[PDB]
Every structure is written in C-alpha cells, then in structure tokens.
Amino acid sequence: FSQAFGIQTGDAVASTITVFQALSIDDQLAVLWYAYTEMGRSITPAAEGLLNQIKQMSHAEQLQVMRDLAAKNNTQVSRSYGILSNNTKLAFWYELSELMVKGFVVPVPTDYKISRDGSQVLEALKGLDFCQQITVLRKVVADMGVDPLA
C-alpha cells in the first residue's frame, strides 16, 4: 500500500512458509528434521502406529514415503498421516525426528547435501523467534500428505 510511512513489511512467518514450500522435496525433508531435531519436545507437550510402519521400512521405502508426504502424493502413508490432527502431526514429526536422529529412519538420500537455497531457508527459520518457528513448522507439516476426510 502507498501507506508506506514505515509501517509493516510482511509476515516473515508467511515468507518462510513460502520460501520453504518453494524448495525441492529433499531440501524440505532436510530442513524439516534439522528444525525438528532442534525444537525437540518444545513443539507439542513433552500417530504412534504410523510411526511403526515407517520405522520398520527398508531405508529406500522410508525415502519413498517421506518424499510422498512432502509431495502430497495420495499414497496410503500420506492418507494415514493426513488423517491425523494437526497437533498430532506435531508429535509425529517430533518422534520421526528422533528416529531419524537415532538412525532408524532416513529422510533424503545417502549423498544429500543441503543446497545454498536450502541453507538459506534453514537460516531464515532458525532466526525467527521461538513462537514463530513453531508456527512455521506447524503449518508446513500440516499441508503434508493428503486428508482423505478433506
């Protein structure tokens, strides 16, 4: 608006969601578990069966279903995931990050390096305030998979 007496410049939380969702699947997977490994248990209070199905997949099938979630592909796992309340998506991703971190689950390929563009968003996210990171992470993972109900 021409009302630029020095007023707002945007949402930043919205900007990050946008620049996030403009990323490749692997970048998005990468950025997600960096930002979930670090958030730790602070996203939801300090689902459980979808995790088992993934936890017990061959690492390439885990890749398959992670890419499916980020690409909103209408697979069994995207519908099981999409059917979860958005605050369960929070607890799911937390535990997913712990399985990824402990080595039971493999997001991104075995040769993956975050790109300059991926490292860009990751840094924009990291420097948001605590509550803003929670919003960005809640929203970007709530549009993941597919809602059969919706």
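When you see a residue number, it is the position in the sequence shown, counting from 1.
A chain break between residue 60 and residue 61 is not present, all residues of the deposited sequence in that interval being modelled.
Here the stretch with the larger average CA B-factor, out of 88 to 96 and 24 to 32, is 88 to 96. According to the PDB record, 10 to 18 carries the higher mean C-alpha B-factor of the two stretches 10 to 18 and 138 to 146. Residue-level temperature factors show residue 113 in the middle third of its chain, judged at the C-alpha atom. Split the chain's modelled residues into thirds by C-alpha temperature factor. Residue 37 is in the lowest one. Placement of the Cα temperature factor of residue 47 within the chain: highest third of the modelled residues, per the deposited record.
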